[PDB]
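For the sequence shown, the residue numbers in the authors' numbering are 1 to 110. Input: a single structure, listed below in C-alpha cells.
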Amino acid sequence: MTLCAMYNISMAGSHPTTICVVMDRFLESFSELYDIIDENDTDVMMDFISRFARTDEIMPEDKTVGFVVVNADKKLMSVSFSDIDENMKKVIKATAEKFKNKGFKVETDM
Numbered sequence: 001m002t003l004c005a006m007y008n009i010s011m012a013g014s015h016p017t018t019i020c021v022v023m024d025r026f027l028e029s030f031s032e033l034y035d036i037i038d039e040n041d042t043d044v045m046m047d048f049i050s051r052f053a054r055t056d057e058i059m060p061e062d063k064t065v066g067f068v069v070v071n072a073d074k075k076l077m078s079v080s081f082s083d084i085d086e087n088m089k090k091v092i093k094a095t096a097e098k099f100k101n102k103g104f105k106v107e108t109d110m
C-alpha cells in the first residue's frame, strides 16, 4: 500500500537524475527543488538526491503516485501526480508555475 513518485531532474548539462520520493514527500521535494534548481551548485546535488531519495530498498508493491519531469538544459517543467488534497494543488501548482520565470514550459496534470 505504498505510493512512491518519480522525480526527474536534469540540471544544466548534468544528465537526467531519477529521484524516487514518496507521495508524502512529493510536495516537500518539489518545494526544495524550486530552490536548488535556482542555484549553481552541482556538488550539493548529490547530497540533495541522497538526503531526499534513499533508493536503498525498493519493492514491487510500491505503486507510482506520479512523475515530475524537470530539465534545466531545455528548461522544461512537467508535473503529473494524483492522490493529493484539493487545496494542496494550489501550492504545488504555484511552485511549478514560478518555474515560468526560467522556463515557460510548464505543464500540470489536472
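Backbone N, C-alpha and C define an ideal beta-carbon position, used for all residues, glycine too.
Delimiting residues of the alpha helix (DSSP H) encompassing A94: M88 to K98
Local Cβ density within 10 Å of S82, reported as buried at 16 or more and exposed below that: exposed
For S31 and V70, believed in contact at Cβ under 8 Å, the rounded distance: Wrong, their Cβ atoms sit about 13 Å apart, outside the cutoff.
Neighbourhood of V65 by C-beta distance below 6 Å, restricted to the same chain and skipping five residues each side: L3, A5, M23, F81 and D83
The alpha helix (DSSP H) enclosing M23, as first and last residue numbers: No alpha helix (DSSP H) contains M23, which DSSP labels as neither H nor E.
Whole beta strand (DSSP E) elements within the segment 46-75, 3-residue minimum: 63-71
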